[PDB]
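1. This one is an experimental structure. Sequence first:
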Amino acid sequence: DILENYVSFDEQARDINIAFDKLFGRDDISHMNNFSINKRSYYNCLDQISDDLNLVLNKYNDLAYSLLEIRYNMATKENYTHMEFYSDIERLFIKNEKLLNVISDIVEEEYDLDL
DNA sequence: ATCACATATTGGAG
DNA sequence: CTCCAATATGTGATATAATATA
């Protein structure tokens, strides 16, 4: 009836977890599946974060590749300057024309307003 | 209308 | 007469919103 959603959140744990193990088929990567959430304002409306992340992943799965690559760079934990993290985020998401285009298509298919 | 951190007060033993 | 550990209590920092016009 309804397919499973890949990413889900725990409210009491205040943490959003993406099932990398189910996507890449490796049980060890299960240890990297959880993502930590700290700031309180972002901790509010975390359901919106999870829902829209599920939407983007269901439309296209390239974001899963990108997320696992960024998490790998995080797991390295050697000389990870803020500039290097900025460059990684820029190359994988900011410079990714495909991700921008799929988000733009999702927005443009549901527009019901004429300001 | 919480929440992470600081503090005086109780519990306990040595 | 110190030192330990922990409890309940205090204090700062943050968070709330969805009818547009010099």
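-> Looks like it came in fine. Numbers count the residues shown, from 1 in each chain, chains lettered A, B, ... in the order given.
2. so what's residue A:17 bridging to?
-> Beta-bridge partners of residue A:17, counted by DSSP bridges, are residue A:8, residue A:34.
3. How much space separates it from DNA strand C?
-> 21 Å (C-beta to the nearest atom of the strand, to the nearest Å). C-beta here means a position set from N, CA and C on the backbone, and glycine is covered the same way.
4. so how many other residues sit close to that residue?
-> 18 (other C-beta atoms under 10 Å).
5. same check, this time on residue A:16
-> When counting by other C-beta under 10 Å, one arrives at 19 neighbours for residue A:16.
6. Residue A:50 too?
-> As a burial measure, residue A:50 scores 17 neighbours (other C-beta under 10 Å).
7. now it, nearest residue through space, not along the chain?
-> residue A:9 (4.6 Å; C-beta to C-beta, 6 or more residues apart in numbering).
8. before we move on, what SS does the closest residue to residue A:27 other than its chain neighbours have?
-> The spatially closest residue to residue A:27, leaving aside those adjacent along the chain, is residue A:21, at 5.9 Å (C-beta to C-beta, 6+ apart). Per DSSP: H, G, I helix; E, B strand; the rest coil, the local secondary structure of residue A:21 is helix.
9. surely residue A:21 meets residue A:6?
-> No. Contact between residue A:21 and residue A:6 fails when scored by C-beta atoms under 8 Å: they sit 10.4 Å apart.
10. And the residue of chain A found nearest DNA strand C, how far from residue A:32?
-> Here chain A gets closest to DNA strand C at one residue, residue A:41, 3.2 Å apart by C-beta to the nearest atom of the strand. Taking C-beta to C-beta, to the nearest Å as the criterion, residue A:41 is separated from residue A:32 by 26 Å.
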